[PDB]
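Take a look at this single chain in structure tokens; it is the form deposited in one PDB entry.
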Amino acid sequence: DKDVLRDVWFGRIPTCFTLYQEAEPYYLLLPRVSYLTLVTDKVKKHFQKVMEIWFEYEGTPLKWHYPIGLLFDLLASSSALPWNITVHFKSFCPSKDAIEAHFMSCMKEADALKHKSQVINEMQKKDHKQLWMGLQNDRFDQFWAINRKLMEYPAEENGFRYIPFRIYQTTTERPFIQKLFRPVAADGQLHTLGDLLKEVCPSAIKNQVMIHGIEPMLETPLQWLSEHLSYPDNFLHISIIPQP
């Protein structure tokens, strides 16, 4: 269990950054759980034997506010490695404060979904800063020290109130799908990934259902997935990709 958490957290994607139509390509291992603008300072640095930088994969712009692992999963995982990303220049990248604010809005949405009483809002600005720093400085211990409490639910309940997930289909150019979904069925048994898809997105059941670069069995309990295969934003970002 704890090993799954770490394995998710430390996931890397090998990436080749090539300048759009002399600059050598630039290679980097990207953290799956982070955001491009955070980890690509050195890529921007490097592509400056030139006289506002943005990224694109095979025609699609890569958006600042998605996790890197999701973008790869959805857009490039069908292709061979390294991820081939094209670097582009503007003549005139959100702030770290802007990213932190997006991140925290996401955590807050996830919190309001999971708990009857908002745990995140009972925390101190100290703890929120540690959540962000934990993500930004790639420190699993510091982040999970706080994130632990966000993953608690009262023992009598068998799971969160609602599971925070977002389902992506084919391209980030289509909006992701969300709706209230409980981890436990009326009969009392645990809902599966299969149950979630069957409800929220019946056409995924030909298709690949990818979470953090792997394909869980559909029979996998959703509550556990939520606790273990969420991104740090506390969401399950799920890709539905055409085979193969």
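Shifts are known only where both forms have a C-alpha. Start at 1 and count along the sequence shown; that's the residue number. Rigid core (definition): largest C-alpha set, two forms, superposition within 1.5 Å.
Here the subject shifts to the form deposited in another entry, a form of this protein not shown in this document.
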item	value
Exceeds or equals 2 Å, Cα of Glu152 between the shown form and the other one, core fit	no
Exceeds or equals 2 Å, Cα of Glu173 between the shown form and the other one, core fit	yes
Cα distance between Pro82 and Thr172, which in the other entry differs by 3 Å or more from this form, closer or farther	farther
Segments displaced between the shown form and the other one (3 or more residues, each Cα shift of 2 Å or more, core-superposed)	48-51, 90-92, 170-174, 186-188
